[PDB]
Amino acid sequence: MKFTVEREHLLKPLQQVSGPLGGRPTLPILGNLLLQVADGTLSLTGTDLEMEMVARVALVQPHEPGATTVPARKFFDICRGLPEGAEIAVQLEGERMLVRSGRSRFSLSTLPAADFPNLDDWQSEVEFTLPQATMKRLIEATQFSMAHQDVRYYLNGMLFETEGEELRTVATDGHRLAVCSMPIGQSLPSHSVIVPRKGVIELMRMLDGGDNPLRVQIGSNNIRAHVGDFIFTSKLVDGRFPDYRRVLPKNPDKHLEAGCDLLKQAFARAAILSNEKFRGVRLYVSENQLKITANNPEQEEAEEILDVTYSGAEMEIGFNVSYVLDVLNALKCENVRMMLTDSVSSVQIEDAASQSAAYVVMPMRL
């Protein structure tokens, strides 16, 4: 195997395929990147057995086919540390890979490419294209609601559902839920899959915010996304995800609307004096007014009064303020709408000017 490439055409791919790696590998080979030269292209792959990131680089200079694997971190840092515009010549020399540039020489240890994990081929059942911004919007709007290493394995991920001409993402940890839908102008078959949290993270990281479309393929047990010269593939979580349609409150007749930022700043300040663990805050809604109070074990107390739009019956309800703040932070709109039912029922939060995304959060006991 042999190839010579410009430092900059290499740093981009290397950085991307290193994503799957997460330190302290269970297998030493999972700490390496697979390098493959064939038909004028250099392919680099990074994986953690659950997913893989593949980058392809065009070889415009003389090269020789072949493959090997080398320490990802070490190789990336070496390339990163050479001077801008540096020419990096690489060649396999037995049990080690030689890297040369200017007057710098580096010999790295290798592991047989043949031993590199290889996700078994599979077949896509649903395919579609969409702008990176749409995919970016969908994940950002719900990612924060995904569960974190929760015993209910089916919650440690994000649901990606196709329905009609829409792609929707759903995320929940049992206490709060987020859902967002975006039309992708294509009649799609109805399909639902759970993408593991690490996969959603990688997916988001492969979006360079450009105009290049995203090509997505979904199989019975896998999802693949192609953007530019990168191909990401992840296994799916085998389980049954909650139905957002049954999570949304049934009868939230009490509607409250208020400026998003003023509402967020009030909760942010009140949260300072809320229980550090439970983080509960009390809301008292009355005619065009909202009273937010917070108390902690120290018996400290925060109170915020703000003008809002509300014409329903007065009521008091408690909420974990972090859950509320996460929603307001994600919205990033002008005004938000809170839909309540009673003190023992969840609340639904949405952008006042958009029902594309919905947020549900369970109340806390007084």
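Note that residue numbering follows the sequence shown and begins at 1. Definition used throughout: the rigid core is the maximal C-alpha set that superposes within 1.5 Å between two forms.
RMS Cα deviation from the shown model in 7 other deposited structures of this protein, rigid core fit, is larger for 244-252 than for the other stretch of the pair 244-252 / 186-194. For the pair 331-339 and 43-51, rigid core superposition yields a higher RMS C-alpha distance in 7 other deposited structures of this protein in 331-339. Compared with the other entries of this protein, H9 is consistently built, present in every one of those that build its neighbours rather than absent from a third. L21 is a gap in at least a third of the other entries compared, counting only those with both neighbours built. In this entry, the higher average B-factor at the C-alpha atoms falls on 67-75, of the pair 67-75 and 265-273. Higher average CA B factor: 26-34, of the stretches 296-304 and 26-34. The PDB entry assigns the greatest CA B-factor among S145, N222, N288, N251 to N251. Highest CA B-factor among the listed residues (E161, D115, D243, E202): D115. When all modelled residues of the chain are sorted by CA temperature factor, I349 is found within the lowest third. In the PDB entry, a CA B factor belonging to the middle third of its chain's modelled residues is recorded for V227. In the deposited entry, the Cα temperature factor of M53 sits in the middle third of values across the chain's modelled residues. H191 sits in the middle third of its chain by CA B factor, as recorded in the PDB entry. Looking at the C-alpha B-factors along this chain, the one for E314 belongs to the middle third.
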